[PDB]
Amino acid sequence: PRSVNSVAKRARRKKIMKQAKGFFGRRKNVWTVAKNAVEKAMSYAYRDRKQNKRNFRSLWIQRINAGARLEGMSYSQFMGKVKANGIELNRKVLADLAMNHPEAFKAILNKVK
Amino acid sequence: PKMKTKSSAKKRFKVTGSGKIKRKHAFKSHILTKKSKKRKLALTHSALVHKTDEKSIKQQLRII
Amino acid sequence: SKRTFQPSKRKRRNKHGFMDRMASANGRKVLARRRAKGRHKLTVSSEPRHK
RNA sequence: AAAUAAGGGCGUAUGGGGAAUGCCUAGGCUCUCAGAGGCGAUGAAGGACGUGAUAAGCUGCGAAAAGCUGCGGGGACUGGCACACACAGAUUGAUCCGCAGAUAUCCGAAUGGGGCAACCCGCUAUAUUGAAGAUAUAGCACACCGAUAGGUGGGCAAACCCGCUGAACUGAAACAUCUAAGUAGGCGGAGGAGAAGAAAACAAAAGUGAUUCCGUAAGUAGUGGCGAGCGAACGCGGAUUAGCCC
RNA sequence: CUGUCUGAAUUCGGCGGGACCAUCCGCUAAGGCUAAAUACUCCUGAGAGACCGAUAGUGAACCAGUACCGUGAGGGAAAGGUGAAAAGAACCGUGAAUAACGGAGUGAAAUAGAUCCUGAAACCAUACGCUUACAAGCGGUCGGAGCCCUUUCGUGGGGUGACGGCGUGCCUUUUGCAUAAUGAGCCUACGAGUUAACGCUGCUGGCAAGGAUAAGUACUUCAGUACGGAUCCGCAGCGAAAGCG
RNA sequence: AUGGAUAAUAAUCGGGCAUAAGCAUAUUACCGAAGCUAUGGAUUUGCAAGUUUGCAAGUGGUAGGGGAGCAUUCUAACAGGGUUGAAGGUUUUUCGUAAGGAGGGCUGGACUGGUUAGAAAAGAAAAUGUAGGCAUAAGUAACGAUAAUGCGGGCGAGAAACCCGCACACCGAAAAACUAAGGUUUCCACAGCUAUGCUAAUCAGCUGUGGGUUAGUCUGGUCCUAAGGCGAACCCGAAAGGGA
RNA sequence: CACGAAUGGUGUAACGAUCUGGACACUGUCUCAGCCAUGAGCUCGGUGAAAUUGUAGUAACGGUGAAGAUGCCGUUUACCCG
RNA sequence: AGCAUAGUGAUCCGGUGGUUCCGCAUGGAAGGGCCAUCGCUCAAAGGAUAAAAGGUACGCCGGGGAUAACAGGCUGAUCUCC
RNA sequence: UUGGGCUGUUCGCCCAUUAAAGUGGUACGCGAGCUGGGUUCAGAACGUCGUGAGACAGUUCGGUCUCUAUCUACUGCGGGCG
């Protein structure tokens, strides 16, 4: 018998086009331009997930360096004396302390120094 | 329809008892006076189709 | 310039008329083919004359 | 009234545009079972022109023109698509259906001559002013045979079948033998089928007894630039069965 | 079978049994007719479809071999749906207007009003919320204030997003393409490894030194149980063959 | 380290710039990948328990090979849903490794579909692919001989183009009259400005209604014949047919 | 290098929208361009296409690169729209 | 068979010698089969046929930057300069 | 950083001047800027090769150069905002 996939043919592309919502120009309504943009958007989203984990560590390191240079120190020497002291606090918590709790940060610095 | 057997392959290539194909040797036609008797004695007995040609010979003989 | 079709309602009938198709043996097969296909208009003689 | 960035971007809502999708059928496709396989000189197939209370088309019908008659069925509406203003017919039994009849213009094998199909022009008999211009009816082609009054055939149209002719592309990884293929195409005739059909036949030491078709035999024997390829027969099992005339 | 030439005997004769000869076997040419089983559908009556459903199915579901193209042979389209029933909008107003619209009546529906069932996408516009006139590139992604709606009240949801990091579309052909190598204006619909016959491998099933029927036939509630062993494969191979096994 | 010429659009340690932030050796800390590890989860083979779990080794991928599945149309059985609202269209939530499944609101107003098994016209983003619809170029080219127009009245809702009048201009061996070929009603009058007229139009070779073609002498037939055609009889050729 | 006698040899009055060289007259052909008129063009009112088109908010230099960059790297420049 | 490595040509077809191997009803025969052996500068020597040369600026179709002419790129043989 | 004669010429030789009459690159700059004189289209003829169809880095006469500027790049003129 004659089988035509007419309803699901468009129901499949509606779902792929609904996530191209907010795109400039015809990248949001035209099918062959939206499909080429949604796949590239998903390709960009697969990566940048490995980069979000190394772009935040850079910010943490910069904030730790800034908070440690206020006490006449450097990030390299501070991290060396912290790692060779049995502390084991990650850079996220260390930067959160350097930003929000300067008293706790300077206490850690004076204890490891 | 029915697969036709190639006559050139059916006049040669007699099938052996179990799974092999028996054929004759070449070069024993008209210049036999200068070839050694050793070669002419070796090229007299029947030979077997090699395993590299067995598939083609079987496809010609219609035994897939 | 001069085109290829210069009409003449006697040179047309002397070449494509009913009596010109019916005169030949192979020209009589055109009528059979057209009647088998179902052409509402047969040879150009079907065009109405001036009244 | 309000707002205002001249304008642009994004999101929501409401519009125009278009015809997809969903649903449906008026139409198509492949077949099964049982029939039939033709029409035409008493003028075919196919058309032209006409025909309505009203009528542009379609349908039906031919100057007897959406109709006439006979025999059966049928029992209240009917004057086709087609309605509306109307006008008429019809339980005395209309309209309608089945079968059998009548009329059936012109062209067309077209057949009185011709011709540019639907036109023109005639001869002989009769009648009309009969006489010039013209009219109404009938008969006027060809081939054959019938001895003579008269009979037969012209042409058209699906496939099957028969006879006469009959390619090339293609394949051979080129190409000429070969294949394609006695296929496509052309011409003529007949019937529901046609052709074939009753042994100057097979077979082999045993035998069968007309032809046709189905399954094996068999991709076998064989044939072939022994290349591509082509490819039986005997015997066996079934459908049907029928033999006769010079 | 013959286009041309030649050319026999009459039954102790003639022809055939795949060159030819002898023996055996079969038949009796140079005359004719013959139903059934067999092939097809311009048609006819009845009936079906794990057949199509308006770009499908016949070219043609509809004034289709039509409209259009050519001198001609010839080629050849597009075009279905209001509503249950036209009850198809009397009447009034703006308007020059029987152009259109707003009312009024019909309906269950008039955003079912004749472009008439539902009616999407491309495309063209209006209103509202957030941004945008010192800022350079496949226009996205990961972070990120601020401002608008909602709220089971939230390390809840939706919209816009100032600013920062990364990032030279897709397909095909290529050693190698952002390539300035090919291709596409966009959307909707159509569109390309399917079937028959004959075989081979993998899985599964029946029977098992045996396995299986074909054509056909009978019955019947009929395109759907019994019978049918003709025949095919396997069970023994070698040799060109006689042949042996 | 220094001198040993350099190329044509503006240049280079990548730039700022550095006398060390250059070079040579030695040391320490740190940064640094999808590498390794920490946490959670999924999957393929091999080994055991059973009827999913545990351990070990893995899990980039083109040509290509293998295994599990989704949707679509229809069919056979059992079990259903719908005018108290089916299919279809538009938004929203949730579930799955994905193809996809399920639920809610709005339009819509009659069909639809679960489980097991079966079949296939069974899935598009590209073929300078086909048909329909709609954009961009863009309110851009163009509006078709540079013979020419101006004013005043008329109908009219509406006049640069229509009608009338006065002026101007053009052709005039023509852009004048007849008519053949051809067209086949375009001819004339009245209503209309929808489509047609490359603009509007009250106008028209457009639309709808009523009319229009009169032959003894004109052109053809009834008269004749040329080129050529047909052609009884006759002569040829497989047939159709050819010559005459 | 490598003409040659009816694929004819050598001349020839007239002729040629034939090819080639030179002379007179004449001129915007030029030195060297200038001025004027109409149509097109420009603005406005009416009607209104097409070729082309993957999406685009579409810079320059030096370099890299399938060896000649609007889109890549570094620097420089650039208010938005016609 | 030569001190050893080169002195060569598949298949089809046809010829010669040997052979109760078969020989289409039977007995012969024609013919075929088996062994030995002959005929191919098939020299393009794994030989597409027994049998085969050119032009296209009148050309056409299908493809290639797999491959040249112009330009770009790499290197200087040549060139120019020191 | 000149103007002419010859040649399609680049080049080159010559004539008369000048302070000088430079060397080169930019797809041997520039044909959606111009011309088509040369070269590679179809016609014809000569020399030569080929039996022939035809050919020549041999010569001569003639022979259609398409496109309405989207983005950027330039030359000018405006509107909006700050």
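Basis for what follows: all heavy atoms, side chains included, without hydrogens, waters or symmetry-related copies. Order of the sequence lines fixes the chain letters, A, B, ..., with proteins taken first and strands second; residue numbering starts at 1 for each chain.
You won't find any donor-acceptor pair under 3.5 Å spanning the side chain of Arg49(A) and the base of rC142(E), going by distance alone. In this model, a side-chain donor or acceptor of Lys9(C) finds a partner on the base of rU184(F) within 3.5 Å. With hydrogens and angles ignored, no donor-acceptor pair closer than 3.5 Å exists between the side chain of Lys28(A) and the base of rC10(D). Within 3.5 Å, a donor on the side chain of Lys4(B) pairs with an acceptor on the base of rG231(D), or the reverse. Counting atom types as modelled, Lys6(B) pairs no side-chain N or O with a base atom of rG227(D) as donor and acceptor under 3.5 Å. A donor-acceptor contact under 3.5 angstrom links the side-chain atoms of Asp48(A) to the base of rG165(E). On a pure distance criterion of 3.5 Å, a polar donor-acceptor pair joins the side chain of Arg49(C) and the base of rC116(D).
Not one side-chain nitrogen or oxygen of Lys53(A) sits closer than 4.0 Å to the OP1 or OP2 atom of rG143(E). Between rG224(D) and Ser7(B), no contact under 4.0 Å exists linking OP1 or OP2 to a side-chain N or O. Residue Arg13(C) has no polar side-chain atom (N or O) positioned under 4.0 Å from OP1 or OP2 of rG115(D). Listed pair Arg27(A) / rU55(G) fails the phosphate criterion, with no side-chain N or O lying under 4.0 Å from OP1 or OP2. Between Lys40(B) and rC35(H) there is no side-chain polar atom (N or O) within less than 4.0 angstrom of OP1 or OP2. Between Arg54(A) and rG32(F) there is no side-chain polar atom (N or O) within less than 4.0 angstrom of OP1 or OP2. Residue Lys83(A) places none of its side-chain N or O atoms closer than 4.0 Å to OP1 or OP2 of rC30(F). Within the structure, every side-chain polar atom (N or O) of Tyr44(A) is placed at least 4.0 Å from both OP1 and OP2 of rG169(E). Between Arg12(C) and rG72(E), a side-chain N or O to OP1/OP2 separation shorter than 4.0 Å is present.
Among the protein residues, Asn26(C) comes within range of no part of the nucleic acid, since none of its heavy atoms lies under 4.0 Å from any strand. Note on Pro1(B): a base of the nucleic acid sits closer than 4.0 angstrom, heavy atoms only. Using a 4.0 Å heavy-atom distance criterion, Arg39(C) is classed as a base contact. Among the protein residues, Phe24(A) comes within range of the nucleic acid bases, having at least one heavy atom under 4.0 Å from a base atom. Counting any heavy atom pair closer than 4.0 Å across all strands shown, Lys35(A) reaches a base atom. Residue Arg10(C) is in base contact, counting any heavy-atom pair closer than 4.0 Å across all strands shown. Within 4.0 Å (heavy atoms only), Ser43(A) reaches no atom of the nucleic acid at all. Nucleic acid contact for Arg13(A): sugar-phosphate only, since backbone atoms but no base atoms lie under 4.0 Å from a heavy atom of the residue. When heavy atoms are screened at a 4.0 angstrom cut-off, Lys21(A) is found touching the sugar-phosphate backbone but no base atom. As judged by a 4.0 angstrom heavy-atom cut-off over every strand, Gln6(C) is placed among residues making no nucleic acid contact. Counting non-hydrogen atoms under 4.0 angstrom, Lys28(B) reaches the backbone sugars and phosphates but no base. Backbone-only contact: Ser8(C) has heavy atoms under 4.0 Å from sugar-phosphate atoms and none from a base. Nucleic acid contact for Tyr75(A): sugar-phosphate only, since backbone atoms but no base atoms lie under 4.0 Å from a heavy atom of the residue. Within 4.0 Å (heavy atoms only), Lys14(A) reaches sugar-phosphate atoms of the nucleic acid but no base atom.
Taking atom NZ of residue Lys15(C) and atom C1' of nucleotide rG228(F), one finds them 14 Å apart after rounding to whole Å. Distance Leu32(B) CG to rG17(H) P: 18 Å, rounded to the nearest Å. Here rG188(D) presents its P atom at 9 Å from NZ of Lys29(C), a figure rounded to the nearest Å. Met3(B) has its CE atom 10 Å from the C1' atom of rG219(D), to the nearest Å. One atom, CZ of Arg12(A), and another, P of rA122(F), lie 16 Å apart when rounded to the nearest Å. Distance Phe23(A) CZ to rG139(E) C1': 9 Å, rounded to the nearest Å. Between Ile64(A) atom CD1 and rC30(F) atom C1' the separation is 12 Å, expressed in whole Å. Between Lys50(A) atom NZ and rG35(F) atom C1' there is a gap of 13 Å when expressed in whole angstrom units.
Nucleotide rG60(D) forms a pair with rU51(D), judged by Watson-Crick or G-U wobble geometry with both contacts under 3.5 Å. The pairing partner recorded for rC15(E) is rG26(E), the criterion being a Watson-Crick or G-U wobble arrangement whose two distances lie under 3.5 angstrom.
For the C1' atom pair drawn from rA199(D) and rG227(D), the interatomic distance equals 42 Å after rounding to whole Å. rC138(E) and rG71(G): their P atoms are spaced 11 Å apart (whole Å). Using atom P as the reference point in both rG88(F) and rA39(E), the two lie 50 Å apart (nearest Å). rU94(E) sits 49 Å from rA64(E) when the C1' atoms are compared, rounded to a whole Å. For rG12(I) and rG31(I), the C1' atoms lie 28 Å apart once the distance is rounded to whole Å. The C1' atoms of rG212(F) and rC101(E) are separated by 46 Å, rounded to the nearest whole Å.
Pucker assignment for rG193(E) gives south. The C1'-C2'-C3'-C4' angle has a negative sign. A negative value of the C1'-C2'-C3'-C4' dihedral assigns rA10(F) to the south, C2'-endo side. Here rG47(H) counts as north. Its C1'-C2'-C3'-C4' torsion is positive. Sugar pucker of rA136(E): south, as indicated by a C1'-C2'-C3'-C4' torsion of negative sign. With respect to the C1'-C2'-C3'-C4' torsion, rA204(D) shows a south sugar, the value lying on the negative side.
In this structure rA79(E) sits in the anti conformation; its chi angle is more than 90° from 0. Classified by its glycosidic torsion, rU40(I) falls in the anti category, the angle being over 90° from 0.
Annotation: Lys28(B), atom NZ; neighbour count of heavy atoms from other residues, nucleotides and ligands within 6.0 Å is above 12. Counting non-hydrogen atoms of neighbouring residues, nucleotides and ligands closer than 6.0 angstrom, the NZ atom of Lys53(A) exceeds 12 such neighbours. The environment of NZ in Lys35(B) is crowded: more than 12 heavy-atom neighbours from other residues, nucleotides or ligands sit within 6.0 Å.
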Are there any protein N/O atoms within less than 3.5 Å of an N/O atom in nucleotides 69-72 of chain F, and if so, which ones and at what distance?
unit_1  : atom_1 : unit_2  : atom_2 : d
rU72(F) : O2'    : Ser3(A) : OG     : 3.2
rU72(F) : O2'    : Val4(A) : O      : 2.8
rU72(F) : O2     : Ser3(A) : OG     : 2.7

Distances for protein N/O vs nucleotides 41-43 of chain H N/O pairs under 3.5 angstrom?
none

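With both hydrogen-bonding distances under 3.5 Å, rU94(E) and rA100(E) qualify as a Watson-Crick or G-U wobble pair.
Position along RNA chain D of the nearest nucleotide to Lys51(C) versus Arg33(C) favours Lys51(C) as the more 5'-ward residue. Across the interface with RNA chain D, nearest-nucleotide mapping of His40(C) and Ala20(A) shows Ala20(A) to be the residue nearer the 5′ end.
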